[PDB]
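Peer 1: Quick one: structure below, then a few questions.
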2 protein chains.
Amino acid sequence: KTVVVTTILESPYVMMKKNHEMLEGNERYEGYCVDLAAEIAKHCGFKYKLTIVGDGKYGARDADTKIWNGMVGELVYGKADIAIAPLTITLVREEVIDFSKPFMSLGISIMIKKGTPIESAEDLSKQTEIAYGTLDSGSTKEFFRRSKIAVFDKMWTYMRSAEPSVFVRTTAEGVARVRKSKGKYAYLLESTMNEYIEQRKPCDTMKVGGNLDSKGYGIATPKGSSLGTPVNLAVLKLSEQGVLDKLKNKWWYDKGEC
Amino acid sequence: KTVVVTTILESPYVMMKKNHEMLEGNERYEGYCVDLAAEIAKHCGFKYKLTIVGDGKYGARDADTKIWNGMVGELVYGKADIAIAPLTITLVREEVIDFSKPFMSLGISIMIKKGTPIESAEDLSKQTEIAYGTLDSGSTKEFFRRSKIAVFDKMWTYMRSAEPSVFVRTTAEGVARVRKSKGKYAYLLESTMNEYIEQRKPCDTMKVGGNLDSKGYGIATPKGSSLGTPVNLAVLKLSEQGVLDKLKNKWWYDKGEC
Ligand SMILES: N[C@@H](Cn1cc([N+](=O)[O-])c(=O)[nH]c1=O)C(=O)O
Ligand SMILES: N[C@@H](Cn1cc([N+](=O)[O-])c(=O)[nH]c1=O)C(=O)O
Ligand SMILES: [Zn+2]
Ligand SMILES: [Zn+2]
Ligand SMILES: [Zn+2]
Ligand SMILES: [Zn+2]
């Protein structure tokens with residue numbers, strides 16, 4: 001049985017290769033998670049096909065219907081056997097799917113156009129000249145929605161009602177919005193992405209302040225899947241072998257252009 | 001049934017209260033892990049008894065007898081129901097006990113007496129004037145014994161054969177050795193401990209360089225135990241509701257003496 005892997009186009013985790021049009025199957029893709037997938041499959045001994053999540057979302061549960069979308073939904077409804085992606089380990093997800101131990105740590109962070117007069121989340125919350133938002137479906141939005149911290153709740157109150165909307169469908173759209181907004185939009189996004197983007201041309205963005213939280217990405221499987229245990233053990237093995245660090249260095253800093 | 005919790009006297013995770021001789025049961029202890037245990041218990045809905053691990057050890061498998069010592073052994077042999085302590089999530093332990101998702105991130109780091117001419121593991125590995133060692137049992141030592149990375153193996157090769165022994169029995173012993181050795185002993189230890197000590201009088205130590213690796217502490221339960229699921233969910237809930245961050249700040253920095 002070939003294992004169906006659900007993933008998402010998000011640099012430098014999974015990207016189309018320069019010459020992908022002349023390539024087929026898994027070979028079209030490169031990135032940290034593409035490499036992680038190959039290692040996991042090697043150590044657990046399976047063959048697999050990478051497939052990009054149809055709706056291009058990470059996964060949230062619809063309030064009215066209670067149906068899960070995104071990569072999470074593909075696992076929940078049996079469309080994929082495993083998700084190998086920058087997928088945040090969260091409580092609401094852990095209730096419907098299984099996560100391995102984390103293969104990467106991260107936090108929510110702030111991205112600004114260079115020269116923007118912002119140093120912190122508190123700075124953002126105390127002003128109005130500069131708009132700010134998050135990836136409009138995923139763990140970061142849910143963080144602000146659920147936050148009982150005054151600074152973040154204040155920010156959520158602003159974001160939920162902002163007009164026009166401050167939420168974006170993809171990271172690419174968020175970043176483009178910072179780049180074109182002349183310093184009038186700051187983007188809240190995961191630190192790993194922020195750090196990658198800061199080192200790529202045109203080198204006009206930067207991460208400011210510390211992370212707003214601490215969490216991790218894990219490999220996800222359907223609850224009670226037989227893949228859950230071997231995969232978890234494979235992640236810890238790769239961590240202890242230094243492989244996760246090697247991949248991180250390969251995809252972030254060896255790819256710096258600034 | 002009252003849940004038996006195994007833990008270890010290691011500041012500031014668990015410490016004897018000043019008037020402990022006058023107190024009983026759980027009230028004898030204080031620290032990050034005592035606070036965490038209270039929250040875990042409250043969220044899972046169980047009564048518990050804190051007990052200090054008899055042999056004062058974290059957990060290793062004796063190569064000869066194959067017997068597990070430390071907190072891991074107390075779980076494997078059924079002497080405790082759960083371990084709430086700075087216990088590192090590792091592959092070999094995951095094979096015999098269950099771990100929650102990590103409640104704290106960390107890495108192996110270098111502690112020096114202020115003014116020691118050392119900035120990194122490479123620096124340490126390329127010289128012999130300054131001695132260096134690790135806790136004589138635990139995941140840090142195992143990290144070096146197992147590492148296939150040139151620098152860390154070079155360090156291990158030095159450390160296993162160094163005489164007198166560069167290894168120490170307790171964190172306290174390592175720190176005292178740093179402080180007394182006039183810059184001629186550096187101590188390799190987990191970053192969280194390093195960070196704690198840097199804010200303690202006499203304020204004569206510091207963490208230098210990046211971390212050598214990345215990993216996490218997890219709450220541990222016997223394989224197959226029914227506490228595993230609720231406990232994991234409780235960890236994620238505490239992470240997301242900011243409790244883990246509050247606790248780290250309370251015990252590391254709010255008490256800061258430097
Ligand atoms: N990892 C998240 C998805 N996700 C991704 C990014 N991102 O890649 O910058 C983000 O800023 N916010 C977010 O919730 C999840 O799993 O929902
Ligand atoms: N957390 C470890 C134990 N452990 C603790 C410390 N520490 O408290 O400084 C250390 O420096 N090295 C180590 O292996 C494990 O679980 O074995
Ligand atoms: Zn194309
Ligand atoms: Zn491998
Ligand atoms: Zn005493
Ligand atoms: Zn609570």
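If you're wondering about the labels, chains in the structure tokens are A, B, ... by order shown, residues count from 1 in each chain, ligands from 1 in order shown.
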With chain B fixed, least-squares superpose chain A over all its C-alpha atoms paired in order and give the RMSD in Å.

Peer 2: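 With chain A fitted onto chain B, the C-alpha RMSD reads 0.5 Å.
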
Peer 1: Pull out every residue of chain A sitting within 10 Å of chain B, counting only C-alpha atoms, and send them as a PyMOL selection string.

Peer 2: chain A and resi 89-92+94-95+99-105+143+146-149+212-216+218+229+232-242+244-245

Peer 1: Got time to write the residues from that selection, N, CA and C atoms, as a short mmCIF file (atom, residue, chain, number, x, y, z; two decimals), in the first residue's frame?

Peer 2:
```cif
data_model
loop_
_atom_site.label_atom_id
_atom_site.label_comp_id
_atom_site.auth_asym_id
_atom_site.auth_seq_id
_atom_site.Cartn_x
_atom_site.Cartn_y
_atom_site.Cartn_z
N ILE A 89 0.90 21.55 16.44
CA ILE A 89 0.31 20.70 17.46
C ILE A 89 -0.54 21.56 18.39
N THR A 90 -1.86 21.31 18.37
CA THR A 90 -2.82 22.04 19.20
C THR A 90 -3.77 21.08 19.92
N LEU A 91 -4.41 21.58 20.97
CA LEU A 91 -5.33 20.78 21.77
C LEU A 91 -6.56 20.33 20.96
N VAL A 92 -7.20 21.25 20.25
CA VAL A 92 -8.40 20.90 19.50
C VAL A 92 -8.10 19.87 18.43
N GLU A 94 -5.45 17.62 18.62
CA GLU A 94 -5.02 16.41 19.31
C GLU A 94 -6.25 15.57 19.71
N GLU A 95 -7.39 16.23 19.79
CA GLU A 95 -8.65 15.55 20.08
C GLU A 95 -9.20 14.72 18.91
N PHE A 99 -0.60 13.31 16.84
CA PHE A 99 0.62 14.01 16.46
C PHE A 99 1.86 13.29 16.98
N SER A 100 2.91 13.24 16.18
CA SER A 100 4.21 12.82 16.69
C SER A 100 4.75 13.89 17.65
N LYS A 101 5.80 13.56 18.39
CA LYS A 101 6.58 14.57 19.08
C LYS A 101 7.02 15.61 18.05
N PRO A 102 7.23 16.85 18.48
CA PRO A 102 7.50 17.93 17.51
C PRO A 102 8.83 17.74 16.80
N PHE A 103 8.87 18.05 15.50
CA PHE A 103 10.13 18.02 14.76
C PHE A 103 10.73 19.42 14.60
N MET A 104 9.98 20.44 14.99
CA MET A 104 10.47 21.82 14.97
C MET A 104 9.71 22.65 16.00
N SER A 105 10.40 23.59 16.63
CA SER A 105 9.78 24.53 17.56
C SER A 105 9.59 25.87 16.87
N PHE A 143 -5.16 31.30 18.04
CA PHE A 143 -4.44 31.83 19.20
C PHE A 143 -5.03 33.15 19.67
N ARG A 146 -8.77 32.90 20.93
CA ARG A 146 -8.89 32.30 22.26
C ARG A 146 -8.09 32.98 23.37
N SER A 147 -7.27 33.97 23.03
CA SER A 147 -6.35 34.54 24.02
C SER A 147 -7.05 35.31 25.13
N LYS A 148 -6.68 35.00 26.37
CA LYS A 148 -7.21 35.69 27.53
C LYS A 148 -6.19 36.67 28.08
N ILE A 149 -5.10 36.87 27.34
CA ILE A 149 -4.12 37.90 27.66
C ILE A 149 -4.58 39.24 27.09
N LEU A 212 5.47 35.40 20.51
CA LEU A 212 4.33 35.66 21.38
C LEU A 212 3.94 34.39 22.13
N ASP A 213 4.42 33.26 21.64
CA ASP A 213 4.18 31.98 22.30
C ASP A 213 5.25 30.97 21.90
N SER A 214 5.13 29.75 22.44
CA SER A 214 6.03 28.66 22.09
C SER A 214 5.25 27.40 21.79
N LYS A 215 5.53 26.80 20.65
CA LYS A 215 4.88 25.56 20.28
C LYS A 215 5.68 24.78 19.25
N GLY A 216 5.06 23.76 18.67
CA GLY A 216 5.78 22.88 17.78
C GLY A 216 4.95 22.36 16.62
N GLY A 218 4.16 18.97 14.40
CA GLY A 218 4.27 17.53 14.44
C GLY A 218 3.72 16.88 13.19
N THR A 229 2.76 5.17 15.78
CA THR A 229 3.90 4.79 16.62
C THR A 229 5.25 4.78 15.89
N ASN A 232 6.37 8.42 15.14
CA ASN A 232 6.82 9.10 16.34
C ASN A 232 8.25 8.70 16.67
N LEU A 233 8.52 7.40 16.66
CA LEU A 233 9.87 6.89 16.92
C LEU A 233 10.85 7.36 15.86
N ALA A 234 10.40 7.45 14.61
CA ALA A 234 11.26 7.97 13.56
C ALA A 234 11.64 9.43 13.78
N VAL A 235 10.70 10.24 14.27
CA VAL A 235 10.98 11.65 14.52
C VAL A 235 12.04 11.79 15.61
N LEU A 236 11.89 11.03 16.69
CA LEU A 236 12.85 11.13 17.80
C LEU A 236 14.23 10.64 17.37
N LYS A 237 14.27 9.57 16.58
CA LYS A 237 15.53 9.09 16.02
C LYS A 237 16.22 10.16 15.18
N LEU A 238 15.48 10.79 14.28
CA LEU A 238 16.05 11.83 13.43
C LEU A 238 16.52 13.03 14.24
N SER A 239 15.77 13.36 15.28
CA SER A 239 16.18 14.45 16.17
C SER A 239 17.53 14.11 16.78
N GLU A 240 17.62 12.93 17.39
CA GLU A 240 18.83 12.52 18.09
C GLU A 240 20.02 12.27 17.16
N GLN A 241 19.74 11.95 15.90
CA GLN A 241 20.80 11.78 14.90
C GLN A 241 21.32 13.11 14.36
N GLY A 242 20.69 14.20 14.77
CA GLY A 242 21.04 15.53 14.30
C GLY A 242 20.48 15.84 12.92
N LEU A 244 17.32 16.48 11.88
CA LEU A 244 16.41 17.63 11.86
C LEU A 244 17.17 18.95 11.84
N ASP A 245 18.28 19.01 12.56
CA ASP A 245 19.12 20.20 12.57
C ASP A 245 19.80 20.43 11.22
#
```

Peer 1: Give the strand (DSSP E) residues of range 30-136 of chain A, as DSSP finds them on the backbone, and put them as a list in words.

Peer 2: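 Reading the DSSP output for range 30-136 of chain A, strand (DSSP E) covers residues 30, 48, 49, 50, 51, 52, 82, 83, 97, 98, 99, 104, 105, 106, 108, 109, 110, 111, 112, 113, 131, 132 and 133 of chain A.
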
Peer 1: Any chance you can output those residues with N, CA and C atoms as an mmCIF file, in the first residue's frame?

Peer 2:
```
data_model
loop_
_atom_site.group_PDB
_atom_site.id
_atom_site.type_symbol
_atom_site.label_atom_id
_atom_site.label_comp_id
_atom_site.auth_asym_id
_atom_site.auth_seq_id
_atom_site.Cartn_x
_atom_site.Cartn_y
_atom_site.Cartn_z
ATOM 1 N N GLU A 30 10.401 20.046 -3.514
ATOM 2 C CA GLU A 30 11.594 20.049 -2.693
ATOM 3 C C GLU A 30 11.273 20.873 -1.456
ATOM 4 N N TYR A 48 5.372 6.150 -0.636
ATOM 5 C CA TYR A 48 4.392 7.209 -0.430
ATOM 6 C C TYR A 48 4.212 8.100 -1.642
ATOM 7 N N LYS A 49 3.076 8.782 -1.697
ATOM 8 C CA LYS A 49 2.849 9.820 -2.688
ATOM 9 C C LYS A 49 2.505 11.126 -1.996
ATOM 10 N N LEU A 50 3.258 12.165 -2.335
ATOM 11 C CA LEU A 50 2.980 13.492 -1.822
ATOM 12 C C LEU A 50 1.817 14.069 -2.610
ATOM 13 N N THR A 51 0.822 14.605 -1.906
ATOM 14 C CA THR A 51 -0.303 15.290 -2.547
ATOM 15 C C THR A 51 -0.571 16.620 -1.839
ATOM 16 N N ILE A 52 -0.749 17.685 -2.608
ATOM 17 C CA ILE A 52 -1.022 18.982 -2.014
ATOM 18 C C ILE A 52 -2.485 19.080 -1.607
ATOM 19 N N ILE A 82 -1.340 10.323 6.228
ATOM 20 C CA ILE A 82 -0.394 11.032 7.078
ATOM 21 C C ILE A 82 -0.222 12.453 6.556
ATOM 22 N N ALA A 83 0.009 13.409 7.449
ATOM 23 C CA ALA A 83 0.307 14.771 7.017
ATOM 24 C C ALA A 83 1.721 15.123 7.443
ATOM 25 N N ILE A 97 -7.023 14.001 15.850
ATOM 26 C CA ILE A 97 -5.934 13.297 15.177
ATOM 27 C C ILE A 97 -4.758 13.047 16.128
ATOM 28 N N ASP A 98 -3.795 12.244 15.684
ATOM 29 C CA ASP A 98 -2.589 11.953 16.455
ATOM 30 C C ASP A 98 -1.428 12.792 15.931
ATOM 31 N N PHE A 99 -0.601 13.309 16.835
ATOM 32 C CA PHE A 99 0.622 14.013 16.456
ATOM 33 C C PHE A 99 1.856 13.290 16.983
ATOM 34 N N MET A 104 9.977 20.445 14.993
ATOM 35 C CA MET A 104 10.470 21.818 14.971
ATOM 36 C C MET A 104 9.710 22.647 15.996
ATOM 37 N N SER A 105 10.404 23.592 16.631
ATOM 38 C CA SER A 105 9.777 24.530 17.561
ATOM 39 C C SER A 105 9.587 25.866 16.867
ATOM 40 N N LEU A 106 8.575 26.609 17.293
ATOM 41 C CA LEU A 106 8.322 27.929 16.740
ATOM 42 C C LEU A 106 7.441 28.751 17.667
ATOM 43 N N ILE A 108 4.551 32.417 17.464
ATOM 44 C CA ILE A 108 3.969 33.496 16.661
ATOM 45 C C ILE A 108 4.882 34.730 16.731
ATOM 46 N N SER A 109 5.084 35.412 15.606
ATOM 47 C CA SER A 109 5.988 36.550 15.570
ATOM 48 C C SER A 109 5.441 37.660 14.699
ATOM 49 N N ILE A 110 6.143 38.788 14.696
ATOM 50 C CA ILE A 110 5.697 39.961 13.973
ATOM 51 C C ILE A 110 6.606 40.281 12.783
ATOM 52 N N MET A 111 6.005 40.451 11.611
ATOM 53 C CA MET A 111 6.764 40.822 10.431
ATOM 54 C C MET A 111 6.394 42.239 10.020
ATOM 55 N N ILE A 112 7.407 43.076 9.821
ATOM 56 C CA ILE A 112 7.171 44.440 9.371
ATOM 57 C C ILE A 112 8.000 44.740 8.137
ATOM 58 N N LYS A 113 7.571 45.744 7.381
ATOM 59 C CA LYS A 113 8.435 46.334 6.378
ATOM 60 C C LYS A 113 9.543 47.081 7.112
ATOM 61 N N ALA A 131 -2.243 48.734 10.346
ATOM 62 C CA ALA A 131 -3.120 47.566 10.400
ATOM 63 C C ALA A 131 -2.311 46.272 10.516
ATOM 64 N N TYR A 132 -2.942 45.219 11.008
ATOM 65 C CA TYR A 132 -2.244 43.953 11.174
ATOM 66 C C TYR A 132 -3.211 42.780 11.259
ATOM 67 N N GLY A 133 -2.778 41.645 10.728
ATOM 68 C CA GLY A 133 -3.628 40.474 10.674
ATOM 69 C C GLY A 133 -2.808 39.208 10.670
#
```

Peer 1: Counting only C-alpha atoms and all ligand atoms, name the residues that have an atom within 7 Å of an atom of ligand 6; the answer should be given as a list in words.

Peer 2: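 Protein and nucleic-acid residues within 7 Å of ligand 6: residues 39, 42 and 43 of chain B.
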
Peer 1: Can I get the selection written as a tab-separated table (two decimals), in the first residue's frame, with N, CA, C and O atoms?

Peer 2:
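Once everything was written out, this is again38.tsv:
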```
chain	number	residue	atom	x	y	z
B	39	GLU	N	-1.69	21.87	38.62
B	39	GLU	CA	-2.53	22.20	37.46
B	39	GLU	C	-2.92	20.96	36.65
B	39	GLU	O	-4.08	20.79	36.28
B	42	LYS	N	-5.53	19.03	38.60
B	42	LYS	CA	-6.80	19.75	38.59
B	42	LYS	C	-7.52	19.58	37.26
B	42	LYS	O	-8.73	19.39	37.21
B	43	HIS	N	-6.76	19.63	36.17
B	43	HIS	CA	-7.35	19.50	34.84
B	43	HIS	C	-7.70	18.07	34.49
B	43	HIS	O	-8.60	17.83	33.70
```

Peer 1: Around ligand 5, which protein and nucleic acid residues have at least one atom no more than 12 Å from it, if we count only C-alpha atoms and all ligand atoms? List them as number ranges by chain.

Peer 2: B: 9, 15-23, 28-29

Peer 1: Within 6 Å of ligand 1, counting only C-alpha atoms and all ligand atoms: which residues, as a PyMOL selection string?

Peer 2: chain A and resi 58+86-88+135+138-140+171+189-190+193

Peer 1: Write the residues of the selection above to a file with N, CA, C and O atoms, as an mmCIF file, in the first residue's frame.

Peer 2:
```
data_model
loop_
_atom_site.group_PDB
_atom_site.id
_atom_site.type_symbol
_atom_site.label_atom_id
_atom_site.label_comp_id
_atom_site.auth_asym_id
_atom_site.auth_seq_id
_atom_site.Cartn_x
_atom_site.Cartn_y
_atom_site.Cartn_z
ATOM 1 N N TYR A 58 -4.607 24.592 6.450
ATOM 2 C CA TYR A 58 -3.974 23.757 7.462
ATOM 3 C C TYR A 58 -5.032 22.891 8.150
ATOM 4 O O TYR A 58 -4.912 21.668 8.231
ATOM 5 N N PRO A 86 4.264 21.838 8.032
ATOM 6 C CA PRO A 86 4.403 22.714 9.200
ATOM 7 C C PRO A 86 3.064 22.806 9.946
ATOM 8 O O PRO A 86 2.448 23.862 10.000
ATOM 9 N N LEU A 87 2.619 21.685 10.507
ATOM 10 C CA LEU A 87 1.288 21.584 11.088
ATOM 11 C C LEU A 87 1.386 21.711 12.605
ATOM 12 O O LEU A 87 2.030 20.899 13.280
ATOM 13 N N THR A 88 0.760 22.741 13.141
ATOM 14 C CA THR A 88 0.932 23.056 14.554
ATOM 15 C C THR A 88 0.190 22.076 15.453
ATOM 16 O O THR A 88 -0.991 21.791 15.247
ATOM 17 N N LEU A 135 -2.800 34.715 9.180
ATOM 18 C CA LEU A 135 -3.288 33.739 8.207
ATOM 19 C C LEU A 135 -4.693 33.345 8.653
ATOM 20 O O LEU A 135 -4.882 32.797 9.747
ATOM 21 N N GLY A 138 -6.121 28.810 10.637
ATOM 22 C CA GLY A 138 -4.942 28.141 11.172
ATOM 23 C C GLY A 138 -4.719 28.415 12.655
ATOM 24 O O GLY A 138 -5.536 29.058 13.313
ATOM 25 N N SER A 139 -3.605 27.942 13.199
ATOM 26 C CA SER A 139 -3.398 28.050 14.643
ATOM 27 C C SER A 139 -3.135 29.472 15.134
ATOM 28 O O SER A 139 -3.396 29.780 16.289
ATOM 29 N N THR A 140 -2.640 30.352 14.268
ATOM 30 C CA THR A 140 -2.293 31.702 14.731
ATOM 31 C C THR A 140 -3.572 32.509 14.980
ATOM 32 O O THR A 140 -3.729 33.168 16.011
ATOM 33 N N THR A 171 0.201 32.653 3.355
ATOM 34 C CA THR A 171 1.370 33.392 3.811
ATOM 35 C C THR A 171 1.877 34.317 2.710
ATOM 36 O O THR A 171 2.201 35.479 2.971
ATOM 37 N N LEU A 189 2.779 36.072 12.004
ATOM 38 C CA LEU A 189 2.970 34.772 11.387
ATOM 39 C C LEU A 189 3.982 33.961 12.171
ATOM 40 O O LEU A 189 4.684 34.495 13.036
ATOM 41 N N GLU A 190 4.048 32.664 11.884
ATOM 42 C CA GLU A 190 4.953 31.797 12.620
ATOM 43 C C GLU A 190 6.430 32.140 12.351
ATOM 44 O O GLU A 190 6.799 32.500 11.242
ATOM 45 N N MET A 193 8.664 30.800 9.401
ATOM 46 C CA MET A 193 8.366 31.395 8.109
ATOM 47 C C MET A 193 8.972 32.793 8.046
ATOM 48 O O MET A 193 9.614 33.159 7.070
#
```

Peer 1: Name the residues in contact with residue 209 in chain B at a cut-off of 8 Å, using only C-alpha atoms, excluding same-chain residues fewer than 2 positions from it; report them as a list in words.

Peer 2: residues 109, 110, 119, 120, 121, 207 and 211 of chain B

Peer 1: Go ahead and save the picked residues with N, CA and C atoms, as a tab-separated table (two decimals), in the first residue's frame.

Peer 2:
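Dumped to part-v3.tsv:
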```tsv
chain	number	residue	atom	x	y	z
B	109	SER	N	23.78	23.16	26.65
B	109	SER	CA	24.41	24.48	26.56
B	109	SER	C	25.68	24.49	27.39
B	110	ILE	N	26.49	25.53	27.22
B	110	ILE	CA	27.74	25.65	27.96
B	110	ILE	C	27.63	26.67	29.09
B	119	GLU	N	33.62	30.50	23.73
B	119	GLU	CA	32.40	31.00	23.12
B	119	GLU	C	31.55	29.89	22.47
B	120	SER	N	32.04	28.66	22.48
B	120	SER	CA	31.34	27.60	21.75
B	120	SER	C	31.91	26.22	22.00
B	121	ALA	N	31.16	25.20	21.58
B	121	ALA	CA	31.61	23.82	21.71
B	121	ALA	C	32.88	23.59	20.90
B	207	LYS	N	25.74	31.51	30.51
B	207	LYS	CA	25.55	30.63	29.37
B	207	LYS	C	26.23	31.28	28.19
B	211	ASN	N	22.77	26.64	21.63
B	211	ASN	CA	22.56	25.32	22.19
B	211	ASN	C	23.14	24.30	21.22
```

Peer 1: Considering only C-alpha atoms, return as an MDAnalysis selection string whatever protein or nucleic-acid residues lie within 9 Å of residue 116 in chain A, sequence-local ones (same chain, fewer than 2 positions apart) excluded.

Peer 2: chainID A and resid 112:114 118:119 130 182:184 186

Peer 1: Tell me, as number ranges by chain, which residues lie within 12 Å of residue 254 in chain A, counting only C-alpha atoms; anything in the same chain fewer than 3 positions away does not count.

Peer 2: A: 12, 196, 199-200, 246-251, 257-258

Peer 1: Save out the residues we just selected, N, CA and C atoms, as a short mmCIF file (atom, residue, chain, number, x, y, z; two decimals), in the first residue's frame.

Peer 2:
```cif
data_model
loop_
_atom_site.label_atom_id
_atom_site.label_comp_id
_atom_site.auth_asym_id
_atom_site.auth_seq_id
_atom_site.Cartn_x
_atom_site.Cartn_y
_atom_site.Cartn_z
N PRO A 12 10.04 27.20 3.44
CA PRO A 12 10.78 26.29 2.57
C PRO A 12 10.44 24.85 2.92
N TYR A 196 12.69 32.69 7.56
CA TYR A 196 13.03 32.34 6.19
C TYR A 196 12.88 33.53 5.24
N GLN A 199 15.39 36.46 5.07
CA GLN A 199 16.67 36.22 4.40
C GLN A 199 16.56 36.02 2.89
N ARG A 200 15.39 36.30 2.32
CA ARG A 200 15.21 36.16 0.87
C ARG A 200 15.00 37.52 0.23
N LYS A 246 20.26 19.35 10.61
CA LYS A 246 20.92 19.42 9.31
C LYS A 246 19.93 19.94 8.27
N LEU A 247 18.71 19.43 8.30
CA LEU A 247 17.69 19.89 7.36
C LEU A 247 17.32 21.35 7.58
N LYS A 248 17.26 21.76 8.84
CA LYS A 248 16.95 23.14 9.18
C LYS A 248 18.04 24.05 8.61
N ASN A 249 19.29 23.68 8.85
CA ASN A 249 20.39 24.48 8.33
C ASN A 249 20.40 24.49 6.81
N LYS A 250 20.05 23.36 6.20
CA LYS A 250 20.02 23.27 4.74
C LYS A 250 18.99 24.21 4.11
N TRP A 251 17.83 24.35 4.74
CA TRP A 251 16.71 25.03 4.11
C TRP A 251 16.51 26.46 4.53
N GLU A 257 19.86 34.96 1.10
CA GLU A 257 20.28 35.81 -0.02
C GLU A 257 20.52 37.27 0.37
N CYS A 258 20.43 37.58 1.67
CA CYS A 258 20.45 38.97 2.13
C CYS A 258 21.70 39.32 2.93
#
```

Peer 1: Between CA of residue 74 in chain A and CA of residue 46 in chain A, what distance in Å does the model show, to one decimal?

Peer 2: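 If I compute the distance from CA of residue 74 in chain A to CA of residue 46 in chain A, I get 19.5 Å.
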
Peer 1: Counting only C-alpha atoms and all ligand atoms, which of B:185, B:167, B:156, B:217 gets nearest to ligand 2?

Peer 2: B:217
